[PDB]
Each structure stands twice: as structure tokens, then as C-alpha cells.
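Trainee: Here it is, the structure in full.
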Amino acid sequence: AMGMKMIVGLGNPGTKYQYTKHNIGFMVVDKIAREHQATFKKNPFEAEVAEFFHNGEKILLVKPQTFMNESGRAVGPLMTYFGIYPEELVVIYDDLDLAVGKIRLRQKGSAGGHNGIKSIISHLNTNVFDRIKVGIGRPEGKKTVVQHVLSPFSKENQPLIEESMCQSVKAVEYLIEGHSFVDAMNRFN
Ligand code: NA
Ligand code: NA
């Protein structure tokens, strides 16, 4: 297996969570959908799945609907459903260790305390897979981590988060146009 076939954006289902930091993965793949104008359908593997085409090939966008900490429960089986492997995966999600307005691309690494990534590592039996970390900043003021990730972005940070979602979409476009992930790392890191 080689070549990107699936982009997973992490987050929690429901209107309550739709603008919270921990749903930044949902937001990016939503943006990627609208700029491919593509359609998300409920899927039996506890996910919303959209499909679009580039040249003659299918690219899938996935929003697990399990809640964050059980994301792998959707992603592992869904990936088996389409016959795809961790090498063909890109996961997009929120990174506390990155400032709002920044993104980082990585090929591997531990969950580092992110329980959605922990679930995907568990269900895939590897921590080697491409990912786009979208900065959500360290917890602001006196908030706990959970209060921080389960709350919206501040007015100050809204233009910065829009910039980093634009950059995340540009990185994905770069991948869809055929550049390698190493190439994308050189360009966006
Ligand atoms: Na949501
Ligand atoms: Na890496």
C-alpha cells in the first residue's frame, strides 16, 4: 500500500462540539469537502464518509462518530472495508503543543496524551501513519485541558485558526496533486 486514499478528521459528534478546539479535525475535513463540494453520508462503521475523485482515483474523507476516545473503532474497520492500510492514511487533529495559527506534518509518533490518536494507534497496531497536527494552543488562562479542548476558540484566536485551517487544506491539496508526504513536510513544516 502506497498513496493517500483516506483523510480522517478527529472530533466529537453533535452540535454541542462542532466549534470546539478538539473538533479542529472535523472542521478541516469539512472545509476539504466543501472545496471539493463533496458529500458526507452516514456510514455503518460509525463514521460520516464523503468521497471525491481526482484524476481517476477516489479519495475518502472520514469523520468518526464514536466520540474522540473511540475513534479507532470506526477508523480501523472502515479502513478494512475499503481495503486500505495505514500507509494510505492521513489523520488531522488538534495539537496542544502547537500555537494557534501553526500546523505540523508528521509521519509517526506516540499519542502524546491525545486520546483520539491513542485510539487510532491501538486499533491500527502502529503509530507510523501520516498526520497533520493543527495547533490549538496550550490551555488558556486557568482552564483544564478538557475545558480547553471542549470550548470554542477565542475572538483573538479566530483569524489564526482560520489561517491554519486554510494551510491544512493547502497541505492536503498538495498531497492530492501528487506530492509525497515528505515533500509536503519540506514545504509546510
Ligand atoms: Na460535532
Ligand atoms: Na515524522
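A note on labels: chains of the C-alpha cells are A, B, ... as shown, every chain counts residues from 1, and ligands are counted from 1 in their shown order.
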Identify all residues of range 5-136 of chain A in helix (DSSP H, G or I) (DSSP on the backbone) and supply them as a CSV table (one decimal) with N, CA, C and O atoms, in the first residue's frame.
Mentor:
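Writing the result to part-v7.csv gives the following:
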```csv
chain,number,residue,atom,x,y,z
A,15,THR,N,-24.0,18.9,17.7
A,15,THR,CA,-23.9,20.3,17.6
A,15,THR,C,-23.1,20.9,18.7
A,15,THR,O,-22.5,22.0,18.6
A,16,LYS,N,-23.2,20.3,19.9
A,16,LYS,CA,-22.5,20.8,21.1
A,16,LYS,C,-21.1,21.0,20.8
A,16,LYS,O,-20.5,22.0,21.3
A,17,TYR,N,-20.4,20.1,20.1
A,17,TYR,CA,-19.0,20.1,19.9
A,17,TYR,C,-18.5,20.7,18.6
A,17,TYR,O,-17.3,20.8,18.4
A,21,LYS,N,-12.4,23.3,20.1
A,21,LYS,CA,-11.0,23.1,19.6
A,21,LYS,C,-10.7,21.6,19.2
A,21,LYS,O,-10.1,21.3,18.2
A,22,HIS,N,-11.3,20.7,20.0
A,22,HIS,CA,-11.0,19.3,19.8
A,22,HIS,C,-11.7,18.7,18.6
A,22,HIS,O,-11.4,17.6,18.2
A,23,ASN,N,-12.5,19.6,17.9
A,23,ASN,CA,-13.1,19.2,16.7
A,23,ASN,C,-12.4,19.8,15.5
A,23,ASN,O,-12.9,19.8,14.4
A,24,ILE,N,-11.2,20.4,15.7
A,24,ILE,CA,-10.5,21.0,14.5
A,24,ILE,C,-10.3,20.1,13.4
A,24,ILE,O,-10.5,20.5,12.2
A,25,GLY,N,-10.1,18.8,13.6
A,25,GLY,CA,-10.0,17.8,12.5
A,25,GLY,C,-11.3,17.8,11.7
A,25,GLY,O,-11.3,17.8,10.5
A,26,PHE,N,-12.5,17.7,12.4
A,26,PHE,CA,-13.8,17.8,11.7
A,26,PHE,C,-13.8,19.0,10.8
A,26,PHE,O,-14.1,19.0,9.6
A,27,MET,N,-13.4,20.2,11.4
A,27,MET,CA,-13.6,21.4,10.6
A,27,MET,C,-12.7,21.4,9.3
A,27,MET,O,-13.2,21.7,8.2
A,28,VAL,N,-11.5,20.8,9.4
A,28,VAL,CA,-10.6,20.8,8.3
A,28,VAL,C,-11.2,19.9,7.2
A,28,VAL,O,-11.4,20.3,6.0
A,29,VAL,N,-11.7,18.7,7.6
A,29,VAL,CA,-12.2,17.9,6.6
A,29,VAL,C,-13.5,18.4,6.0
A,29,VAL,O,-13.8,18.2,4.8
A,30,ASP,N,-14.3,19.1,6.9
A,30,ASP,CA,-15.5,19.8,6.3
A,30,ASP,C,-15.1,20.8,5.2
A,30,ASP,O,-15.6,20.7,4.1
A,31,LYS,N,-14.1,21.6,5.5
A,31,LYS,CA,-13.6,22.6,4.5
A,31,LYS,C,-13.1,21.9,3.3
A,31,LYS,O,-13.5,22.2,2.2
A,32,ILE,N,-12.4,20.7,3.5
A,32,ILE,CA,-11.9,20.0,2.3
A,32,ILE,C,-13.1,19.5,1.5
A,32,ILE,O,-13.0,19.4,0.3
A,33,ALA,N,-14.1,19.0,2.2
A,33,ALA,CA,-15.4,18.6,1.5
A,33,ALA,C,-16.0,19.7,0.7
A,33,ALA,O,-16.3,19.6,-0.5
A,34,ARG,N,-16.1,20.9,1.3
A,34,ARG,CA,-16.9,22.0,0.5
A,34,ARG,C,-16.1,22.5,-0.7
A,34,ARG,O,-16.6,22.8,-1.7
A,35,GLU,N,-14.7,22.5,-0.5
A,35,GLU,CA,-13.9,22.8,-1.7
A,35,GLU,C,-13.7,21.7,-2.7
A,35,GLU,O,-13.0,21.9,-3.7
A,68,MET,N,-14.4,11.1,20.5
A,68,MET,CA,-12.9,11.2,20.2
A,68,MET,C,-12.2,9.9,20.7
A,68,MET,O,-11.4,9.3,20.0
A,69,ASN,N,-12.4,9.5,21.9
A,69,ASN,CA,-11.6,8.5,22.6
A,69,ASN,C,-11.8,7.1,22.0
A,69,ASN,O,-11.1,6.2,22.4
A,70,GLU,N,-12.8,6.9,21.1
A,70,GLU,CA,-13.0,5.6,20.5
A,70,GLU,C,-12.9,5.7,19.0
A,70,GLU,O,-13.5,4.8,18.3
A,71,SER,N,-12.3,6.8,18.5
A,71,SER,CA,-12.2,7.0,17.0
A,71,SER,C,-11.7,5.8,16.3
A,71,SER,O,-12.2,5.5,15.2
A,72,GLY,N,-10.7,5.0,16.8
A,72,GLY,CA,-10.2,3.9,16.1
A,72,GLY,C,-11.2,2.8,15.8
A,72,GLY,O,-11.1,2.0,14.8
A,73,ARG,N,-12.3,2.8,16.6
A,73,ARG,CA,-13.3,1.8,16.5
A,73,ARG,C,-14.1,2.0,15.2
A,73,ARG,O,-14.6,1.0,14.6
A,74,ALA,N,-14.1,3.2,14.7
A,74,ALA,CA,-14.6,3.5,13.4
A,74,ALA,C,-13.5,3.3,12.3
A,74,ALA,O,-13.7,2.7,11.3
A,75,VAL,N,-12.3,3.9,12.6
A,75,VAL,CA,-11.3,4.0,11.5
A,75,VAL,C,-10.7,2.7,11.1
A,75,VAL,O,-10.6,2.4,9.9
A,76,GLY,N,-10.4,1.8,12.1
A,76,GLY,CA,-9.8,0.5,11.8
A,76,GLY,C,-10.7,-0.3,10.9
A,76,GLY,O,-10.3,-0.8,9.8
A,77,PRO,N,-11.9,-0.6,11.3
A,77,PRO,CA,-12.8,-1.4,10.5
A,77,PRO,C,-13.2,-0.7,9.2
A,77,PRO,O,-13.2,-1.4,8.1
A,78,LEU,N,-13.4,0.6,9.1
A,78,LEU,CA,-13.7,1.3,7.9
A,78,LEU,C,-12.6,1.1,6.9
A,78,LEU,O,-12.8,0.9,5.7
A,79,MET,N,-11.3,1.2,7.4
A,79,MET,CA,-10.2,1.1,6.5
A,79,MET,C,-10.1,-0.3,6.0
A,79,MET,O,-9.9,-0.5,4.8
A,80,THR,N,-10.4,-1.3,6.8
A,80,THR,CA,-10.5,-2.7,6.3
A,80,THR,C,-11.6,-2.8,5.2
A,80,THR,O,-11.5,-3.4,4.2
A,81,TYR,N,-12.7,-2.0,5.4
A,81,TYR,CA,-13.9,-2.1,4.5
A,81,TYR,C,-13.5,-1.6,3.1
A,81,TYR,O,-14.0,-2.2,2.1
A,82,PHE,N,-12.6,-0.6,3.0
A,82,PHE,CA,-12.2,-0.1,1.7
A,82,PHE,C,-10.9,-0.8,1.3
A,82,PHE,O,-10.3,-0.5,0.2
A,86,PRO,N,-2.5,1.6,6.8
A,86,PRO,CA,-2.0,2.9,7.5
A,86,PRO,C,-1.2,3.7,6.6
A,86,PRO,O,-1.2,5.0,6.7
A,87,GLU,N,-0.5,3.1,5.6
A,87,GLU,CA,0.3,3.9,4.7
A,87,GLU,C,-0.5,4.8,3.8
A,87,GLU,O,0.1,5.8,3.2
A,88,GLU,N,-1.8,4.6,3.6
A,88,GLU,CA,-2.6,5.4,2.7
A,88,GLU,C,-3.5,6.3,3.5
A,88,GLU,O,-4.4,6.9,3.0
A,115,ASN,N,-6.2,11.4,23.2
A,115,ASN,CA,-6.8,10.1,23.3
A,115,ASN,C,-7.4,9.6,22.0
A,115,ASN,O,-7.7,8.3,21.9
A,116,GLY,N,-7.7,10.5,21.1
A,116,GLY,CA,-8.2,10.1,19.8
A,116,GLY,C,-7.1,9.4,19.0
A,116,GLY,O,-7.2,8.3,18.5
A,117,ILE,N,-5.9,10.0,19.0
A,117,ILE,CA,-4.7,9.4,18.4
A,117,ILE,C,-4.4,8.1,19.1
A,117,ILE,O,-4.0,7.1,18.5
A,118,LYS,N,-4.6,8.1,20.4
A,118,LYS,CA,-4.3,6.8,21.1
A,118,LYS,C,-5.2,5.7,20.6
A,118,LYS,O,-4.7,4.6,20.4
A,119,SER,N,-6.5,6.0,20.4
A,119,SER,CA,-7.4,5.0,19.9
A,119,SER,C,-7.1,4.5,18.5
A,119,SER,O,-7.2,3.4,18.2
A,120,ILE,N,-6.6,5.5,17.6
A,120,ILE,CA,-6.3,5.0,16.3
A,120,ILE,C,-5.0,4.2,16.3
A,120,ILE,O,-4.9,3.2,15.6
A,121,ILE,N,-4.0,4.5,17.2
A,121,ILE,CA,-2.8,3.7,17.3
A,121,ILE,C,-3.2,2.3,17.7
A,121,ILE,O,-2.7,1.3,17.2
A,122,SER,N,-4.1,2.2,18.7
A,122,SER,CA,-4.5,0.9,19.3
A,122,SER,C,-5.1,0.1,18.2
A,122,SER,O,-4.7,-1.0,17.9
A,123,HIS,N,-6.2,0.6,17.5
A,123,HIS,CA,-6.9,-0.1,16.5
A,123,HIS,C,-6.1,-0.4,15.2
A,123,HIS,O,-6.5,-1.4,14.5
A,124,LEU,N,-5.1,0.4,14.9
A,124,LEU,CA,-4.3,0.1,13.7
A,124,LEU,C,-3.1,-0.7,14.0
A,124,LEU,O,-2.4,-1.2,13.1
```
Trainee: Taking only C-alpha atoms and all ligand atoms into account, which residues are within 10 Å of ligand 2, as a list in words?
Mentor: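 My answer, listing the contacting residues, is residues 104, 105, 106, 107, 108, 109, 128, 129, 130, 131, 181, 182 and 185 of chain A.
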Trainee: Might you pull out every residue within 12 Å of residue 36 in chain A, with only C-alpha atoms counted and same-chain residues fewer than 6 positions away left off, and present them as a ChimeraX atom specification?
Mentor: /A:29-30,50-54,59-61,169,172-173,176
Trainee: Nearest to residue 100 in chain A: which of A:153, A:67, A:188, A:40 is it, counting only C-alpha atoms?
Mentor: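 Nearest to residue 100 in chain A: A:153.
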Trainee: Nearest to ligand 1 among A:44, A:3, A:152, A:101, with distances taken over only C-alpha atoms and all ligand atoms: which residue is it?
Mentor: A:152
Trainee: Kindly indicate which residue among A:179, A:138, A:63, A:133 lies nearest to residue 9 in chain A, using only C-alpha atoms for the distances.
Mentor: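 The closest residue to residue 9 in chain A is A:63.
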Trainee: Among range 11-135 of chain A, which residues carry a DSSP assignment of strand (DSSP E), reported as a ChimeraX atom specification?
Mentor: /A:39-43,47-54,57-64,89-95,103-108,128-135
Trainee: So how far away is CA of residue 92 in chain A from CA of residue 135 in chain A, in Å?
Mentor: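 A separation of 10.7 Å between them.
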Trainee: For CA of residue 157 in chain A and CA of residue 112 in chain A, quote the distance in Å rounded to one decimal.
Mentor: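 A separation of 23.5 Å between them.
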Trainee: Nearest to ligand 1: which of A:166, A:150, A:132, A:98 is it, counting only C-alpha atoms and all ligand atoms?
Mentor: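 Nearest to ligand 1: A:150.
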Trainee: Choose the residue, out of A:66, A:83, A:89, A:56, that has the smallest atom-to-atom separation from residue 8 in chain A; count only C-alpha atoms.
Mentor: A:89
Trainee: Using only C-alpha atoms, which residue out of A:18, A:168, A:178, A:37 lies closest to residue 5 in chain A?
Mentor: A:178
Trainee: Rounded to one decimal in Å, what is the spacing between CA of residue 85 in chain A and CA of residue 110 in chain A?
Mentor: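 Computed distance, CA of residue 85 in chain A to CA of residue 110 in chain A, equals 18.4 Å.
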